[PDB]
């Protein structure tokens, strides 16, 4: 079947990594939800802004497909940039929209997990003193509404680069939010924390970069697959990624990158044809 994963949070969940700084992930077994149905995943996955880029859900799915050669993983993009915990209130629009997206997804897939990452917009002037209780109502409503009382919900921490440079300089209370995120995970059932140590950011000083967003996805899967808290970065983080990048592509996959090259006008029709035949004639 199709195992779907709901994506919730701020811009760091939707992904802002520069897609030209990390290798493309073309996995015919990884899919994204486009206006209610499944389509082959191609970053930007969570296109909430014209600037959406590399997400952590990319490597998460790639790593997931390697541990499950049989099924297909479906991603449900519902992250909103700049959104704060208050904007995610049950009565909220971006929460009720996430529900409708999830439901559309589960009428053709099975919701297996929920990926959450948010907190930059709450890393200032207190309001971290109410973050927990706020999150509890959101998670509670999610499990109830979507009828998933025990599926693992993974939550990541905030980058240590916050509260220092430009767009991120206003987030001086990020570490106070991390404590609430951690606490929430330990105390709440079926919730796991994922450290963001070592992760770096783009020039804006607030968004995690592509490279770091790729490692971040592995830690998310590491937590999900083993149902544990990832308090430290995985050791084979770099090599683990290259191992997925080296994977040989299917005929359908390499025909896809070519169909797209042509669709975007990057190559001629005859050049597209010649390239398609090479794939067809190729041995193995």
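Residue numbers count along the first chain shown, from 1.
Set 139 to 147 against 207 to 215 and average the Cα temperature factors; 139 to 147 ends up higher. When the two stretches 166 to 174 and 76 to 84 are set side by side, the higher mean Cα temperature factor goes to 166 to 174. Remark: of 49, 37, 229, 258, 258 shows the highest value [criterion: C-alpha B-factor in the PDB entry].
The residue among 113, 156, 126, 198 whose C-alpha carries the highest B-factor in the deposited model is 126. Remark: residue 152 belongs to the middle third of its chain, ranked by C-alpha B-factor as recorded. Per the PDB record, residue ranking by Cα B-factor puts residue 120 in the lowest third of the chain. When the CA B factors of the chain's modelled residues are split into thirds, the value for residue 262 lands in the middle one.
Among all modelled residues in this chain, the alpha-carbon of residue 221 has a temperature factor (C-alpha) in the middle third. For residue 14, the recorded CA temperature factor ranks within the lowest third of the chain's modelled residues.
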